[PDB]
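Engineer: Have a peek at input.cif (mmCIF, C-alpha atoms and all ligand atoms).
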data_run
#
loop_
_atom_site.label_atom_id
_atom_site.label_comp_id
_atom_site.auth_asym_id
_atom_site.auth_seq_id
_atom_site.Cartn_x
_atom_site.Cartn_y
_atom_site.Cartn_z
CA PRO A 1 1.73 -17.93 6.84
CA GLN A 2 4.01 -15.00 7.71
CA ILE A 3 5.35 -12.63 5.04
CA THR A 4 8.26 -10.32 5.87
CA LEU A 5 8.64 -7.07 3.99
CA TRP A 6 12.29 -7.15 2.89
CA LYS A 7 10.83 -7.51 -0.61
CA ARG A 8 7.47 -6.71 -2.16
CA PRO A 9 4.71 -8.94 -0.73
CA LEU A 10 3.76 -10.48 -4.06
CA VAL A 11 1.61 -13.60 -4.05
CA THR A 12 -0.16 -15.68 -6.65
CA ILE A 13 -3.83 -14.96 -7.18
CA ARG A 14 -6.36 -16.63 -9.45
CA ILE A 15 -9.33 -14.99 -11.17
CA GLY A 16 -11.00 -17.29 -13.65
CA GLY A 17 -8.23 -19.16 -15.44
CA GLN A 18 -5.80 -16.28 -15.24
CA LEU A 19 -3.09 -16.57 -12.64
CA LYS A 20 -1.48 -13.30 -11.65
CA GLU A 21 1.06 -11.99 -9.18
CA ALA A 22 -0.40 -9.32 -6.88
CA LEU A 23 0.67 -7.18 -3.93
CA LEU A 24 -0.84 -7.74 -0.52
CA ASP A 25 -1.37 -4.06 0.09
CA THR A 26 -2.51 -2.70 3.45
CA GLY A 27 -2.37 0.82 1.98
CA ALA A 28 -5.04 0.00 -0.64
CA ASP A 29 -8.70 0.44 0.36
CA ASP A 30 -9.82 -1.39 -2.77
CA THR A 31 -8.47 -4.16 -4.98
CA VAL A 32 -7.06 -2.93 -8.30
CA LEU A 33 -6.18 -5.33 -11.12
CA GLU A 34 -4.35 -4.84 -14.40
CA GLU A 35 -6.43 -4.52 -17.54
CA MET A 36 -8.50 -7.66 -18.14
CA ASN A 37 -11.80 -8.27 -19.94
CA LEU A 38 -13.95 -9.68 -17.13
CA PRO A 39 -17.52 -10.77 -17.85
CA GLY A 40 -20.55 -8.93 -16.50
CA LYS A 41 -21.73 -5.50 -15.41
CA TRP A 42 -19.43 -2.76 -14.18
CA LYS A 43 -19.36 0.93 -13.25
CA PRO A 44 -16.75 3.61 -14.02
CA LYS A 45 -14.74 5.04 -11.15
CA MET A 46 -11.66 7.19 -10.54
CA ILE A 47 -9.10 6.27 -7.87
CA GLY A 48 -6.26 8.39 -6.62
CA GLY A 49 -2.72 7.70 -5.50
CA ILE A 50 0.82 9.01 -5.90
CA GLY A 51 0.96 10.86 -9.24
CA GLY A 52 -2.81 11.41 -9.50
CA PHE A 53 -5.85 9.43 -10.57
CA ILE A 54 -6.57 6.60 -12.97
CA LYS A 55 -9.83 5.48 -14.45
CA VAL A 56 -11.05 2.00 -13.52
CA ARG A 57 -14.01 -0.31 -14.06
CA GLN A 58 -15.69 -1.57 -10.89
CA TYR A 59 -16.86 -5.20 -11.03
CA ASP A 60 -18.78 -6.58 -8.05
CA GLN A 61 -18.86 -10.05 -6.47
CA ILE A 62 -15.87 -11.46 -8.36
CA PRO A 63 -14.42 -14.62 -6.81
CA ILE A 64 -10.68 -14.56 -6.41
CA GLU A 65 -8.32 -17.17 -4.93
CA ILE A 66 -5.33 -15.79 -2.94
CA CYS A 67 -2.71 -18.32 -1.81
CA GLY A 68 -5.41 -20.99 -1.66
CA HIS A 69 -7.76 -18.80 0.38
CA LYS A 70 -11.15 -18.04 -1.16
CA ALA A 71 -12.32 -14.45 -1.50
CA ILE A 72 -15.21 -12.73 -3.26
CA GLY A 73 -15.81 -9.02 -3.68
CA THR A 74 -15.36 -5.83 -5.63
CA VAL A 75 -12.41 -5.59 -8.01
CA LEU A 76 -11.35 -2.43 -9.85
CA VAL A 77 -9.88 -3.03 -13.30
CA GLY A 78 -7.69 -0.49 -15.02
CA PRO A 79 -4.26 0.70 -16.14
CA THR A 80 -2.41 -0.01 -12.90
CA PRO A 81 1.28 -1.01 -13.21
CA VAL A 82 0.79 -3.71 -10.56
CA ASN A 83 -2.01 -5.96 -9.33
CA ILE A 84 -3.06 -4.78 -5.87
CA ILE A 85 -4.98 -6.83 -3.30
CA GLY A 86 -6.66 -4.29 -1.06
CA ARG A 87 -8.22 -4.37 2.37
CA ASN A 88 -11.65 -5.42 1.03
CA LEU A 89 -10.15 -8.85 0.24
CA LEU A 90 -7.28 -8.95 2.75
CA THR A 91 -9.79 -9.19 5.61
CA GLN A 92 -11.55 -12.10 3.86
CA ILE A 93 -8.37 -14.21 3.83
CA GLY A 94 -7.63 -13.31 7.47
CA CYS A 95 -4.69 -10.97 6.88
CA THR A 96 -3.28 -8.86 9.71
CA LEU A 97 -0.26 -6.63 10.29
CA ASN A 98 1.91 -7.63 13.25
CA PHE A 99 4.87 -6.10 15.09
CA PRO B 1 0.39 -5.09 18.30
CA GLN B 2 -1.80 -7.07 15.90
CA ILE B 3 -3.64 -4.79 13.45
CA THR B 4 -6.70 -5.95 11.49
CA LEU B 5 -7.68 -4.44 8.17
CA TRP B 6 -11.41 -3.67 8.30
CA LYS B 7 -10.24 -0.07 8.87
CA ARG B 8 -7.22 1.79 7.43
CA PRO B 9 -4.10 0.92 9.48
CA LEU B 10 -3.42 4.49 10.55
CA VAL B 11 -0.95 4.96 13.39
CA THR B 12 0.52 7.88 15.26
CA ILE B 13 4.15 8.59 14.42
CA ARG B 14 6.63 10.96 16.08
CA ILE B 15 9.06 12.78 13.80
CA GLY B 16 11.01 15.88 14.88
CA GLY B 17 8.92 16.15 18.05
CA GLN B 18 5.78 16.39 15.91
CA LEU B 19 2.92 13.89 16.04
CA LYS B 20 1.40 12.89 12.71
CA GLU B 21 -0.99 10.20 11.49
CA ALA B 22 0.42 7.82 8.86
CA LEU B 23 -0.79 4.76 7.01
CA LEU B 24 1.04 1.45 7.31
CA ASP B 25 1.41 0.69 3.63
CA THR B 26 2.85 -2.70 2.61
CA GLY B 27 2.43 -1.81 -1.09
CA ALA B 28 4.81 1.15 -0.71
CA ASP B 29 8.57 0.61 -1.11
CA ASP B 30 9.27 4.00 0.39
CA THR B 31 8.08 6.10 3.30
CA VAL B 32 6.44 9.24 1.90
CA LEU B 33 5.18 12.17 3.97
CA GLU B 34 3.11 15.18 2.99
CA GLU B 35 4.81 18.56 2.74
CA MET B 36 6.73 19.35 5.92
CA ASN B 37 10.03 20.86 7.09
CA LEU B 38 12.88 18.53 8.09
CA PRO B 39 16.45 19.54 8.98
CA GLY B 40 19.57 18.82 6.97
CA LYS B 41 20.55 18.02 3.42
CA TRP B 42 18.14 16.40 1.02
CA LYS B 43 18.37 15.10 -2.52
CA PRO B 44 15.81 15.62 -5.27
CA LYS B 45 14.21 12.27 -6.16
CA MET B 46 11.34 11.04 -8.34
CA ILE B 47 8.98 8.18 -7.43
CA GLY B 48 6.11 6.46 -9.23
CA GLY B 49 2.70 5.43 -7.94
CA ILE B 50 -0.61 4.38 -9.42
CA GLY B 51 -1.19 7.78 -11.09
CA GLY B 52 2.30 8.50 -12.39
CA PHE B 53 5.47 10.10 -11.11
CA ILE B 54 6.06 12.91 -8.64
CA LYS B 55 9.05 14.86 -7.37
CA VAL B 56 10.00 14.38 -3.72
CA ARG B 57 12.77 15.49 -1.36
CA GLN B 58 14.83 12.61 0.02
CA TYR B 59 15.98 12.85 3.65
CA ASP B 60 18.29 10.10 4.94
CA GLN B 61 18.80 8.74 8.46
CA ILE B 62 15.69 10.35 9.96
CA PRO B 63 14.40 8.95 13.26
CA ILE B 64 10.69 8.15 13.37
CA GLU B 65 8.89 6.44 16.21
CA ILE B 66 6.03 4.40 14.75
CA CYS B 67 3.46 3.28 17.28
CA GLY B 68 6.22 3.27 19.95
CA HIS B 69 8.77 1.45 17.75
CA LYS B 70 11.91 3.29 16.76
CA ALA B 71 13.12 3.47 13.17
CA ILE B 72 15.92 5.50 11.58
CA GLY B 73 15.90 5.69 7.80
CA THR B 74 14.94 7.36 4.57
CA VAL B 75 11.92 9.64 4.48
CA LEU B 76 10.64 11.16 1.23
CA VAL B 77 8.66 14.41 1.41
CA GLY B 78 6.29 15.46 -1.34
CA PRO B 79 2.75 15.43 -2.80
CA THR B 80 1.61 12.02 -1.60
CA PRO B 81 -2.19 11.92 -1.02
CA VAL B 82 -1.54 10.75 2.57
CA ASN B 83 1.39 10.10 4.91
CA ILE B 84 2.55 6.54 4.26
CA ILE B 85 4.96 4.28 6.08
CA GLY B 86 6.54 1.97 3.51
CA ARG B 87 8.56 -1.22 3.61
CA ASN B 88 11.88 0.51 4.29
CA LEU B 89 10.66 1.39 7.81
CA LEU B 90 8.11 -1.41 8.26
CA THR B 91 11.02 -3.88 8.19
CA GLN B 92 12.90 -1.85 10.82
CA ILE B 93 10.01 -2.11 13.29
CA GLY B 94 9.62 -5.86 12.60
CA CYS B 95 6.26 -5.58 10.83
CA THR B 96 5.02 -8.66 8.96
CA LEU B 97 1.87 -9.75 7.19
CA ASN B 98 0.09 -12.77 8.66
CA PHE B 99 -2.92 -14.83 7.62
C1 LIG A 101 -3.36 6.69 -0.68
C2 LIG A 101 -2.35 5.68 -0.18
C3 LIG A 101 -1.61 4.91 -1.29
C4 LIG A 101 -0.62 5.81 -2.03
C5 LIG A 101 -2.62 4.22 -2.22
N1 LIG A 101 -1.89 3.33 -3.15
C6 LIG A 101 -1.51 2.04 -2.51
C7 LIG A 101 0.02 2.01 -2.37
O1 LIG A 101 0.44 0.87 -1.60
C8 LIG A 101 0.70 1.97 -3.72
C9 LIG A 101 0.62 0.62 -4.45
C10 LIG A 101 1.38 0.70 -5.78
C11 LIG A 101 2.58 0.01 -5.94
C12 LIG A 101 3.29 0.07 -7.14
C13 LIG A 101 2.80 0.82 -8.20
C14 LIG A 101 1.60 1.50 -8.06
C15 LIG A 101 0.89 1.44 -6.85
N2 LIG A 101 2.13 2.19 -3.62
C16 LIG A 101 2.74 3.31 -3.99
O2 LIG A 101 2.18 4.32 -4.38
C17 LIG A 101 4.23 3.29 -3.95
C18 LIG A 101 4.86 2.18 -4.54
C19 LIG A 101 6.24 2.08 -4.58
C20 LIG A 101 7.01 3.11 -4.05
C21 LIG A 101 6.37 4.21 -3.48
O3 LIG A 101 7.12 5.21 -2.96
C22 LIG A 101 4.99 4.31 -3.43
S1 LIG A 101 -2.70 3.16 -4.57
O4 LIG A 101 -2.56 4.42 -5.24
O5 LIG A 101 -2.07 2.12 -5.31
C23 LIG A 101 -4.29 2.83 -4.30
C24 LIG A 101 -4.66 1.49 -4.17
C25 LIG A 101 -5.99 1.12 -3.91
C26 LIG A 101 -6.98 2.08 -3.79
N3 LIG A 101 -8.31 1.92 -3.55
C27 LIG A 101 -8.98 3.09 -3.50
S2 LIG A 101 -8.00 4.50 -3.76
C28 LIG A 101 -6.67 3.44 -3.93
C29 LIG A 101 -5.32 3.80 -4.18
#
Translate the structure of the given file into structure tokens.
Ligand SMILES: CC[C@H](C)CN(C[C@@H](O)[C@H](Cc1ccccc1)NC(=O)c1cccc(O)c1)S(=O)(=O)c1ccc2ncsc2c1
Structural biologist:
Amino acid sequence: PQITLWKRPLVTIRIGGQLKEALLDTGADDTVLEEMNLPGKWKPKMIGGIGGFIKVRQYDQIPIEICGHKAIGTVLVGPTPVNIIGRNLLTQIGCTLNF
Amino acid sequence: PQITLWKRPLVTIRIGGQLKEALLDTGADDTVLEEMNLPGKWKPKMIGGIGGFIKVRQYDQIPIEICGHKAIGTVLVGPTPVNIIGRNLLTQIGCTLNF
């Protein structure tokens, strides 16, 4: 599909049996999700943006479904105000910028 | 052009006869540039990102040529971690997400 940018590029994602709205974000290196208690091992990390840094938990090899497309990779979990699908997963679902 | 996302979508922009590198950032509502001088009146503004809120200077009706495509619109100047082109200008240059 094609998504114009008049509004925020929010789409439905699925991780386990939680469905969430998340930004398709070309400015995000990594995928950052709102606080959720995912199973398995993780590592602490700090990521920076406008306003400074937040602390996140890095979970690896998490399957995630984005608009019916299958992805699997690293997801950072922490106190972000919005769910952010970053480039690590955008490539997996075949996402490009075009103009 | 078509831009893939295995690397950061950094492009050369021209603003005030100056060449800068900026990130095409679909998760950003606004276009935010690192500290620089621009002519004319500005308004104090505050914006929020992943790490909290910052103060920026709001310049309106500023021409920027992004990867050869002309835009004229609002540019915020302040302590962003990197120059970002947000949706306000991405729409002007006809940028869409496709997968
Ligand atoms: C450095 C370039 C940018 C600012 C990085 N950010 C992505 C950017 O699209 C973020 C995404 C976002 C949206 C809404 C609330 C919080 C965050 N956008 C913004 O900061 C933003 C948003 C609205 C208006 C505005 O002027 C700026 S990010 O801070 O969210 C981010 C995301 C993923 C990531 N992975 C490693 S560092 C890192 C930082």
Engineer: For chain A, which residues have at least one atom within 10 Å of chain B, if we go by only C-alpha atoms? Write them as an MDAnalysis selection string, please.
Structural biologist: chainID A and resid 1:10 22:29 32 47:55 69 79:82 84:99
Engineer: Please measure the separation of CA of residue 72 in chain B and atom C9 of ligand LIG 101 (chain A), giving the value in Å to one decimal.
Structural biologist: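 CA of residue 72 in chain B sits 22.7 Å away from atom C9 of ligand LIG 101 (chain A).
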Engineer: Could you superimpose chain B onto chain A using every C-alpha atom, matched in order, and tell me the RMSD in Å?
Structural biologist: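 It comes to 0.6 Å after superposition.
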Engineer: Taking into account all atoms listed in the file, which residue in the set B:63, B:16, B:56, B:39 is nearest to ligand LIG 101 (chain A)?
Structural biologist: B:56
Engineer: Please, what distance in Å, to one decimal, runs between CA of residue 64 in chain A and CA of residue 83 in chain A?
Structural biologist: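 Pair CA of residue 64 in chain A / CA of residue 83 in chain A returns 12.6 Å.
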Engineer: Calculated over all atoms listed in the file, which of the candidates A:13, A:60, A:68, A:45 has the smallest distance to ligand LIG 101 (chain A)?
Structural biologist: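 The answer is A:45, which sits nearest to ligand LIG 101 (chain A).
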Engineer: Could you state the separation of CA of residue 36 in chain B and atom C26 of ligand LIG 101 (chain A) in Å, given to one decimal place?
Structural biologist: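 CA of residue 36 in chain B sits 24.1 Å away from atom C26 of ligand LIG 101 (chain A).
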Engineer: For ligand LIG 101 (chain A), which of B:19, B:11, B:75, B:38 is the closest residue, counting only C-alpha atoms and all ligand atoms?
Structural biologist: B:75
Engineer: Reconstruct N, CA, C and O atoms of range 4-30 of chain A; output as a PDB file, in the coordinates of the input.
Structural biologist:
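Dumped to rebuild34.pdb:
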ATOM      1  N   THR A   4       7.439 -11.462   5.469  1.00  0.00           N
ATOM      2  CA  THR A   4       8.260 -10.320   5.870  1.00  0.00           C
ATOM      3  C   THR A   4       8.278  -9.351   4.694  1.00  0.00           C
ATOM      4  O   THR A   4       7.848  -9.677   3.580  1.00  0.00           O
ATOM      5  N   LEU A   5       8.786  -8.159   4.944  1.00  0.00           N
ATOM      6  CA  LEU A   5       8.640  -7.070   3.990  1.00  0.00           C
ATOM      7  C   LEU A   5       9.980  -6.581   3.445  1.00  0.00           C
ATOM      8  O   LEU A   5      10.071  -5.484   2.911  1.00  0.00           O
ATOM      9  N   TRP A   6      11.007  -7.427   3.542  1.00  0.00           N
ATOM     10  CA  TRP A   6      12.290  -7.150   2.890  1.00  0.00           C
ATOM     11  C   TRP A   6      12.102  -6.921   1.390  1.00  0.00           C
ATOM     12  O   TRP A   6      12.786  -6.086   0.784  1.00  0.00           O
ATOM     13  N   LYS A   7      11.182  -7.681   0.798  1.00  0.00           N
ATOM     14  CA  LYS A   7      10.830  -7.510  -0.610  1.00  0.00           C
ATOM     15  C   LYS A   7       9.341  -7.256  -0.721  1.00  0.00           C
ATOM     16  O   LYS A   7       8.611  -7.330   0.264  1.00  0.00           O
ATOM     17  N   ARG A   8       8.894  -6.939  -1.927  1.00  0.00           N
ATOM     18  CA  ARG A   8       7.470  -6.710  -2.160  1.00  0.00           C
ATOM     19  C   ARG A   8       6.671  -7.972  -1.839  1.00  0.00           C
ATOM     20  O   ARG A   8       7.064  -9.077  -2.243  1.00  0.00           O
ATOM     21  N   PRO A   9       5.549  -7.819  -1.109  1.00  0.00           N
ATOM     22  CA  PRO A   9       4.710  -8.940  -0.730  1.00  0.00           C
ATOM     23  C   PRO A   9       3.808  -9.394  -1.873  1.00  0.00           C
ATOM     24  O   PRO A   9       2.585  -9.272  -1.808  1.00  0.00           O
ATOM     25  N   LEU A  10       4.444  -9.958  -2.896  1.00  0.00           N
ATOM     26  CA  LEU A  10       3.760 -10.480  -4.060  1.00  0.00           C
ATOM     27  C   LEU A  10       3.344 -11.915  -3.790  1.00  0.00           C
ATOM     28  O   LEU A  10       4.128 -12.709  -3.256  1.00  0.00           O
ATOM     29  N   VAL A  11       2.112 -12.238  -4.160  1.00  0.00           N
ATOM     30  CA  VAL A  11       1.610 -13.600  -4.050  1.00  0.00           C
ATOM     31  C   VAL A  11       0.840 -13.932  -5.315  1.00  0.00           C
ATOM     32  O   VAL A  11       0.463 -13.044  -6.094  1.00  0.00           O
ATOM     33  N   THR A  12       0.601 -15.219  -5.506  1.00  0.00           N
ATOM     34  CA  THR A  12      -0.160 -15.680  -6.650  1.00  0.00           C
ATOM     35  C   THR A  12      -1.644 -15.606  -6.341  1.00  0.00           C
ATOM     36  O   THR A  12      -2.113 -16.098  -5.313  1.00  0.00           O
ATOM     37  N   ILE A  13      -2.383 -14.980  -7.250  1.00  0.00           N
ATOM     38  CA  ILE A  13      -3.830 -14.960  -7.180  1.00  0.00           C
ATOM     39  C   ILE A  13      -4.415 -15.607  -8.429  1.00  0.00           C
ATOM     40  O   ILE A  13      -3.747 -15.702  -9.458  1.00  0.00           O
ATOM     41  N   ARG A  14      -5.666 -16.035  -8.329  1.00  0.00           N
ATOM     42  CA  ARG A  14      -6.360 -16.630  -9.450  1.00  0.00           C
ATOM     43  C   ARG A  14      -7.733 -15.988  -9.613  1.00  0.00           C
ATOM     44  O   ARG A  14      -8.507 -15.906  -8.665  1.00  0.00           O
ATOM     45  N   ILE A  15      -8.011 -15.518 -10.822  1.00  0.00           N
ATOM     46  CA  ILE A  15      -9.330 -14.990 -11.170  1.00  0.00           C
ATOM     47  C   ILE A  15      -9.684 -15.549 -12.543  1.00  0.00           C
ATOM     48  O   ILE A  15      -8.986 -15.295 -13.529  1.00  0.00           O
ATOM     49  N   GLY A  16     -10.778 -16.304 -12.588  1.00  0.00           N
ATOM     50  CA  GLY A  16     -11.000 -17.290 -13.650  1.00  0.00           C
ATOM     51  C   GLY A  16      -9.751 -18.126 -13.863  1.00  0.00           C
ATOM     52  O   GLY A  16      -9.075 -18.509 -12.911  1.00  0.00           O
ATOM     53  N   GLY A  17      -9.422 -18.391 -15.118  1.00  0.00           N
ATOM     54  CA  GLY A  17      -8.230 -19.160 -15.440  1.00  0.00           C
ATOM     55  C   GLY A  17      -7.049 -18.291 -15.812  1.00  0.00           C
ATOM     56  O   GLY A  17      -6.217 -18.685 -16.635  1.00  0.00           O
ATOM     57  N   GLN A  18      -6.990 -17.102 -15.216  1.00  0.00           N
ATOM     58  CA  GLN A  18      -5.800 -16.280 -15.240  1.00  0.00           C
ATOM     59  C   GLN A  18      -5.155 -16.346 -13.872  1.00  0.00           C
ATOM     60  O   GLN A  18      -5.815 -16.125 -12.850  1.00  0.00           O
ATOM     61  N   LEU A  19      -3.874 -16.687 -13.851  1.00  0.00           N
ATOM     62  CA  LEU A  19      -3.090 -16.570 -12.640  1.00  0.00           C
ATOM     63  C   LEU A  19      -2.189 -15.360 -12.747  1.00  0.00           C
ATOM     64  O   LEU A  19      -1.546 -15.136 -13.778  1.00  0.00           O
ATOM     65  N   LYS A  20      -2.145 -14.588 -11.665  1.00  0.00           N
ATOM     66  CA  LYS A  20      -1.480 -13.300 -11.650  1.00  0.00           C
ATOM     67  C   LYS A  20      -0.701 -13.174 -10.353  1.00  0.00           C
ATOM     68  O   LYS A  20      -1.062 -13.787  -9.351  1.00  0.00           O
ATOM     69  N   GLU A  21       0.366 -12.388 -10.382  1.00  0.00           N
ATOM     70  CA  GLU A  21       1.060 -11.990  -9.180  1.00  0.00           C
ATOM     71  C   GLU A  21       0.501 -10.649  -8.734  1.00  0.00           C
ATOM     72  O   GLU A  21       0.335  -9.744  -9.556  1.00  0.00           O
ATOM     73  N   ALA A  22       0.206 -10.530  -7.440  1.00  0.00           N
ATOM     74  CA  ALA A  22      -0.400  -9.320  -6.880  1.00  0.00           C
ATOM     75  C   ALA A  22       0.162  -8.979  -5.506  1.00  0.00           C
ATOM     76  O   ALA A  22       0.560  -9.865  -4.740  1.00  0.00           O
ATOM     77  N   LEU A  23       0.190  -7.682  -5.209  1.00  0.00           N
ATOM     78  CA  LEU A  23       0.670  -7.180  -3.930  1.00  0.00           C
ATOM     79  C   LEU A  23      -0.384  -7.313  -2.860  1.00  0.00           C
ATOM     80  O   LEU A  23      -1.516  -6.903  -3.062  1.00  0.00           O
ATOM     81  N   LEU A  24       0.005  -7.835  -1.702  1.00  0.00           N
ATOM     82  CA  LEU A  24      -0.840  -7.740  -0.520  1.00  0.00           C
ATOM     83  C   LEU A  24      -0.590  -6.353   0.046  1.00  0.00           C
ATOM     84  O   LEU A  24       0.491  -6.080   0.601  1.00  0.00           O
ATOM     85  N   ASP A  25      -1.585  -5.480  -0.102  1.00  0.00           N
ATOM     86  CA  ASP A  25      -1.370  -4.060   0.090  1.00  0.00           C
ATOM     87  C   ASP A  25      -2.307  -3.449   1.144  1.00  0.00           C
ATOM     88  O   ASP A  25      -3.478  -3.120   0.880  1.00  0.00           O
ATOM     89  N   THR A  26      -1.756  -3.272   2.337  1.00  0.00           N
ATOM     90  CA  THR A  26      -2.510  -2.700   3.450  1.00  0.00           C
ATOM     91  C   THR A  26      -2.830  -1.228   3.245  1.00  0.00           C
ATOM     92  O   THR A  26      -3.726  -0.706   3.903  1.00  0.00           O
ATOM     93  N   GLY A  27      -2.105  -0.572   2.330  1.00  0.00           N
ATOM     94  CA  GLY A  27      -2.370   0.820   1.980  1.00  0.00           C
ATOM     95  C   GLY A  27      -3.485   1.066   0.963  1.00  0.00           C
ATOM     96  O   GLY A  27      -3.859   2.213   0.719  1.00  0.00           O
ATOM     97  N   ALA A  28      -4.009  -0.023   0.399  1.00  0.00           N
ATOM     98  CA  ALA A  28      -5.040   0.000  -0.640  1.00  0.00           C
ATOM     99  C   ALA A  28      -6.409  -0.283  -0.033  1.00  0.00           C
ATOM    100  O   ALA A  28      -6.631  -1.364   0.522  1.00  0.00           O
ATOM    101  N   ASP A  29      -7.329   0.678  -0.118  1.00  0.00           N
ATOM    102  CA  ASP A  29      -8.700   0.440   0.360  1.00  0.00           C
ATOM    103  C   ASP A  29      -9.377  -0.645  -0.461  1.00  0.00           C
ATOM    104  O   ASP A  29     -10.060  -1.529   0.081  1.00  0.00           O
ATOM    105  N   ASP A  30      -9.175  -0.549  -1.772  1.00  0.00           N
ATOM    106  CA  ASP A  30      -9.820  -1.390  -2.770  1.00  0.00           C
ATOM    107  C   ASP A  30      -8.788  -2.253  -3.495  1.00  0.00           C
ATOM    108  O   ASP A  30      -7.578  -2.013  -3.425  1.00  0.00           O
TER     109      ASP A  30
END
